[PDB]
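[1] could you work out the structure for the sequence below:
(chains A, B, C, D and E, ligands or ions: 3)
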Amino acid sequence: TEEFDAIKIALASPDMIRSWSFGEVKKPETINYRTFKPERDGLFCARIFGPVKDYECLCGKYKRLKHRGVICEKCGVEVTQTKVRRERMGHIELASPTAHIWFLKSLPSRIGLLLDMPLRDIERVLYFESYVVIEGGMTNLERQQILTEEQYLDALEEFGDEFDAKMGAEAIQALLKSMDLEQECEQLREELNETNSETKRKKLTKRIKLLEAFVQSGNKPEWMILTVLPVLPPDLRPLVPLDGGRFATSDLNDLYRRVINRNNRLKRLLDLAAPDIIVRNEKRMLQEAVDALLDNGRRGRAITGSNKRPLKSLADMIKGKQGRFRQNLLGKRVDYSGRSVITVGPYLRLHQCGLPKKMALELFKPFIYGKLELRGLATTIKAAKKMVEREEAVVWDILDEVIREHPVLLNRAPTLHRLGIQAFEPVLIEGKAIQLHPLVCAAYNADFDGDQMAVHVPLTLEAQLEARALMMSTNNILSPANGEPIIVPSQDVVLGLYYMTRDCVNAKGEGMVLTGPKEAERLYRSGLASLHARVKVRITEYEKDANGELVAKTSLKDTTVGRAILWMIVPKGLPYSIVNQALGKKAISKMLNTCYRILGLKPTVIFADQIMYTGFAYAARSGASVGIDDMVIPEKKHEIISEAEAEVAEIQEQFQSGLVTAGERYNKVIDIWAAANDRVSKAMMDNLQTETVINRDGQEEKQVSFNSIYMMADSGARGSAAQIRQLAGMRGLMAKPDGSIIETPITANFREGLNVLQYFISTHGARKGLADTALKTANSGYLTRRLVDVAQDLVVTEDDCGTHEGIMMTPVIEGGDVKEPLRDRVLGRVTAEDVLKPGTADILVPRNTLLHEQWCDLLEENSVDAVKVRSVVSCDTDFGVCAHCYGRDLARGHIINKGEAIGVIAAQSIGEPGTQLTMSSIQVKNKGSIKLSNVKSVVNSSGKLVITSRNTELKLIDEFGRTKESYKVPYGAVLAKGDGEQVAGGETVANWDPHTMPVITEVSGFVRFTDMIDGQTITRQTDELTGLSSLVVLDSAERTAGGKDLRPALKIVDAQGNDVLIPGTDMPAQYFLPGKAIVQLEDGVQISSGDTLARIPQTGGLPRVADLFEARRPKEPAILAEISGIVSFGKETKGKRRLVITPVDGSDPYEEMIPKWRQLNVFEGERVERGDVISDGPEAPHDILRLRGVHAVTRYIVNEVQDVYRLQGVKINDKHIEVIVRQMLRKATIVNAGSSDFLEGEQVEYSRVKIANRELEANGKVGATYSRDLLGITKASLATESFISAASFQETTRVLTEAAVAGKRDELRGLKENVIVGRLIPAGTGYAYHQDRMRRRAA
Amino acid sequence: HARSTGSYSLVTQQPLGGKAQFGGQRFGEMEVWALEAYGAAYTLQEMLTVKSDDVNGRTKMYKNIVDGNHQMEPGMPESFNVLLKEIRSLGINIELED
Amino acid sequence: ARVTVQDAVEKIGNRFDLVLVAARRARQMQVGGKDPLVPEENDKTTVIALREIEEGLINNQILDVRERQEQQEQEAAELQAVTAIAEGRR
DNA sequence: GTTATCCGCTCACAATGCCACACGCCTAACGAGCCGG
DNA sequence: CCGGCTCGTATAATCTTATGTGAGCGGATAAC
Ligand SMILES: [Mg+2]
Ligand SMILES: [Zn+2]
Ligand SMILES: [Zn+2]
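    Numbering: from 1, shown residues only, chains lettered A, B, ... in the order given. Ligands and ions are numbered 1, 2, ... in the order given. And now the structure:
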């Protein structure tokens, strides 16, 4: 029907089924097919469902339209349309009751969770193997106690009429309604208030939440068991018309026939007083038959004749890649469409495409019919059909009137990102292929290798106007993933423009003088002066530094004839120094980009067209071919290979004498072949790039070459140094598929021949790369599918949330070069707070403005290192994202409008380039200030600097204050310098030992042995070839039971032998000793201030991004600190080693367990702040969230995923990854109960908690306390309020079972739901629809 | 291969696929993500409802084009009623409120 | 013909009010039978609607003002017809 | 002893889109049919 | 002169190169 709100779901009562149906099927036969009338009371019928033909009795009595409503008596068939055959249900009244298969085997077992009874027991009740007891009463036995035949017989001896024990589905049906619901809830609530054990509280909170949701619905525990089973309207499972004889049956019809045969046989056996064994067996057969009908997968049994495939049950018509969500309710086939192969056609403009004439007559047939019947050239529709099937000459003029302003959508099939479908205007072509403008071809990522494209037609008025405004190809220049133009001129235009704008030192007409650029053109056409000969010309140029107008300026510049020709298509704005250089690929790309920045939109489009036209024209007049004498072999290749063979023979002889081992032999050979390959490549590149010597009109000079493939590489059209390296120099080192890299490299190039073995070796890398591509495609597609499932319901919905939180951005520095500066990251995001000038108390930026480009430069000039800026993850708006929390939009210019469905474009921007992926001393480098962060150090006796703080960090600074470089300075290392010591570059400023942990002291004196007994705790090991016998101290577990209860310790004393206190505190720090602690300076030996007491020895591709957005737990994570306090070890081997951290003021209830196998960092007297590392390794983000706050997990995810995308040169803006992070941490647990109705262990979406706390804080009550969860993206999709949006995604079965038990109700808000139903989307245009509806509802 | 108005399937009232059976193209799922990614709203409504699965909607649209008036009639897709009728074939009540 | 759109998005508010306003103007121009302000150049109604948007003679406030004015004139004219019927009866 | 945990075994559920093309989708034995021997 | 043959048709049966997850449940496991 129409005008309906939210969809409601619940269980279905038997009386509801009798309210549905229109008759009772009794006979299992479909049709007689002697005559093809349907059999009465079969699966097909006419009295039950409806008329076979239109408006006719099956008897054939009433055949007139004016007899509607009155049924026949010859056939009992209501004279109605055959659409009624699509819509009337049927019912079957079963003999025995029957268990539903989903509620038994969803696995959370709904019956088993409800009755508190294990699943296997209920299974061997339902399949007739046991008994249950139903109100035994004055009986030894209990209720849920189950038996066998022997205990049942012995009970019949004992309590022969007391207990009531049944079996089969009737017994479970008896147990279900015998149970109350209120008493179980109140009893188990009192029991949960009388329980402290955790797992019992888990199970009981599950059971009472099940019961409370089950009572707050409408339904009952009787309804999980079927009694009356409904059947589908028989047009919806149609009988296949074959050719000759019989009709081919579907799967549903065979399953219903089997069920009805079994039901009739059981009903007759009940009619004749059958013995008990046979009716038990028959009820088991009927239960198994209904379990085969509803879902064939739990018992994979029903297979048909001549095709041993599982038949398609009703649940198989919903799941999978062919059920009604993925197949038919999202991707529908569409009329007015078409398909062809494509073809270039370089004469087009940017906003049009080539359309075949005949196919365009075929598409627009109704518009043609309307134009013909308008102009009087026809009267009926059949006259118009005859005229357009004759293809008379008036029809082509009519078709050209139909085209003129009516755009057409074009599409390429594996659509990744939102530039995949675009709208053009048509230009008619007598042909059979679709022409397509060549600049757009990079955006589609189209070949011309046979790639096919498709055509759709917008046909209403709003669709034409949207395809003109929102989607015409003159409106998509910048990319939504990053603000870069997608209209880069490709390979051939690059070659043309690079060949035009060069120079050579002696040509025709060199050094003459010219008037305009057009006289240089007239000299090029006549053949008087060549295309590139240097010449002084006169140029006028316009500069718009005047505030909104143009300033002329005329001068004489030393330039080239080709550059003067190219200047004629540059518009008024740009300065002449944009076309004075050699103009490769990136140069003309930034030419287009600066033309977009300074002038606007329309000169950018028309300038890209003029560039494409003249680039193809002069690429034609070049004649740049390629030939076998354009690949210059070096003259020095032969002796380099000879010297490499001499060196490998010498290393082979040094291995043969036995001096060098095999691994170092391997390493020397691979190093010298790497060096030889690099030398040959250097020689060939130096021989190609500059060999061209030409006569000056003096003697000789040098210049950049005019060789063919060097122009094809130096312009950046096709190829790199690597491909042109393999063509003439030798090719690399081929690696075998085991993972090793082979000894002998391929000594030959491609211009010479390869022999048999070397080609056979190269085949390995070929097939490896091909298989990698073949699997990488599918994995990227699946990950894109899941991300756009997650982020779909999120729309920029209001203007200004108006908060004062956010994040702090600093330009990222690994320690090598600064990877991303502050300009590129925080271009175009709205400032959180007023970042002050380095001139203090001077407002450099207002707190609530937008960092546009000029403003970004004026922020850059004062060398700001950290800017605070508003993110999406802290935006305040319920059910959406505020506008100023998201900033300016990519692919357009200004701030984002209210409605842009940013979650979908974000998921596409992450998931689009997924195909391109794959599947001992600190040394400063420049001069600046030396800053050490979290440093607490002391100079020892030997002048070295040992640090008593773990978290020391190195910052190389300039004179300004911005960070030049950064490194990590370990705890207590060998430091060549101190803090703030102004040093210069190239300096190794630090060192340490990777096999010695610092057990450094704090005072001077002696070190004495407390509980360090040789034979109990410590051992005396003599280094047998040096002479310094030392002591080795283990931990408690590695030594035996003689020192297991003992704790060895190096007690820090003075030279007298007494504990000198730490300067600042009053605590003696005796040093208890961990394992592998080699104590060198023993008792009686004087120590220093912080001296080494004990020496202690110790992915990346696409699945990294997959395992990160799943947020799955890494192996052996890093233990953090829960709250600050003094560390204290405790009891050993109660599973693990205990640890108690005592706060300064609060108590210490948490006594954390640590596997003593894994190592540790902190010491006993040491105390650390919360969230700090204990055992090194990977980290799960759960801990990062619950300890370091909310922004920390966003920064961790952004930096890691952005490292994986910076490794391949892929540039993706950060706000997309932020708005994917927001949809991951939306659920929440509750810590208290609060003052409202929320339970404690209640998982609940955060925004409802936030509006509940806002409503309670409006009054004077107390709120609730919540811990923000963090789920995987598939777990976040699969737990959503809309039960449609979780049904369309994977595991539809479990979602429909849980949603049908709970009886939910889906508001239809979001994108995916309204696509399913088929009204306007609440995202784009139609957003302005929905709130216009919403104010209609509330008022 | 092209199509203006051709044949339809039996179970769901969608057009067929292929060249030989005079079919229309599969405007699949990822293209729906792409139209959601623009601000395109009405065009998604035609590609979902007027071009297929709304019977009275599409015949009203065809007559309305031949008459020379570009309107549309939204309606409700027949495949969704199919989905309702085979969820009701299980034991699951599912209705539409209001 | 018309290639660009950016003369209208800087006149009406965003890229979404332009769609609804120009579709409404073209729908009342095509079928309701009203004469366009600027002259045609044998183009369709969508393009002449976008032209009247970008020059600045059609706007959403202006559409509602004109529709209110002509509808008030319509009900006033049929009230004049009712009073003419009342003159014809008595 | 008995109780609250830790760990190994078993099992459901996912794995891009589109296109063309092409050939496939029962029968040994239980209720009727013909009429010969 | 009913079904022996012959047919219309309704309907039952002895794999064995996969991976990665999560999620749950039965059996051991370390304490007052
Ligand atoms: Mg291709
Ligand atoms: Zn009848
Ligand atoms: Zn906000």
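
[2] can you pull the contacts of the residue nearest the centre of chain A?
    Most central in chain A under Cα atoms, centre = their mean is residue A:787, positioned 4.6 Å from the mean C-alpha point. By Cβ atoms under 8 Å, 6 or more residues apart in numbering or on different chains, the residues touching residue A:787 are A:907, A:910, A:911, A:1109, A:1220, A:1273. (Each C-beta comes from the backbone N, C-alpha and C, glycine too.)

[3] what about stretch A:209-217 and DNA strand E, any contact?
    No. Residues of stretch A:209-217 are not located near DNA strand E by Cβ under 7 Å from any atom of the strand, the shortest gap being 12.7 Å.

[4] report the buried residues of that stretch.
    Within stretch A:209-217, the residues that count as buried by 16 or more other Cβ atoms under 10 Å in any protein chain shown are A:210, A:211, A:214, A:217.

[5] cool, and stretch A:932-941?
    In stretch A:932-941, counting by 16+ other Cβ under 10 Å, buried: A:932, A:935, A:937, A:938, A:940.

[6] and the residues you listed, which two are furthest apart?
    Greatest spatial distance among the buried residues of stretch A:932-941 (Cβ to Cβ): A:932 and A:940, at 17.0 Å.

[7] how close does the closest residue to DNA strand D within the stretch 1201-1339 of chain A get to ligand 3?
    Relative to DNA strand D, the nearest point of the stretch 1201-1339 of chain A is residue A:1290 (3.0 Å; Cβ to the nearest atom of the strand). Between residue A:1290 and ligand 3 the computed distance is 32 Å (Cβ to the ion, to the nearest Å).

[8] so what's that residue up against?
    Applying Cβ under 8 Å, 6+ apart, we find residue A:1290 in contact with A:1274, A:1278.

[9] could you measure from it over to residue A:789?
    Using Cβ to Cβ, to the nearest Å, residue A:1290 is found at 9 Å from residue A:789.

[10] next: residue A:905.
    The spacing between residue A:905 and residue A:789, counted by Cβ to Cβ, is 15 Å.

[11] and the longest helix seen in chain C, what does it pack onto?
    The residue-count maximum for a helix in chain C (DSSP state H) belongs to helix C:60-89. Taking 3 or more Cβ pairs under 8 Å, 6 or more residues apart in numbering or on different chains; DSSP states H and E as contact, the helices and strands that helix C:60-89 lies on are helix C:17-30.

[12] which other helices and strands does the helix it packs on contact?
    helix A:461-469, helix C:45-55, helix C:60-89.

[13] DNA strand D: which of those is closest?
    helix A:461-469 (20.7 Å).

[14] and the closest one, anywhere near chain B?
    Yes. For helix A:461-469 and chain B, the contact criterion (Cβ under 8 Å from any Cβ of the partner chain) is met by A:461, A:462, A:463, A:464, A:466, A:467.

[15] can you list the residues you listed in CSV and add neighbour count?
    Below are these laid out as CSV (neighbours: other Cβ atoms under 10 Å in any protein chain shown):
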residue, neighbour count
A:461, 24
A:462, 26
A:463, 26
A:464, 25
A:466, 30
A:467, 27
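
[16] of those, closest to residue A:677?
    Once Cβ to Cβ is applied, the member of the residues of helix A:461-469 next to chain B that ends up nearest residue A:677 is residue A:467, at 54.4 Å.

[17] pretty sure that closest one is touching residue A:424, no?
    No. With contacts counted by Cβ atoms under 8 Å, residue A:467 stays clear of residue A:424, the gap being 9.3 Å.

[18] shared neighbours of these two, which are they?
    With Cβ under 8 Å, 6+ apart, residue A:467 and residue A:424 have common neighbours residue A:407.

[19] for the residue of chain A found nearest ligand 3, helix, strand, or coil?
    Closest residue of chain A to ligand 3, Cβ to the ion: residue A:875 (2.5 Å). Here residue A:875 is recorded as coil under DSSP: H, G, I helix; E, B strand; the rest coil.
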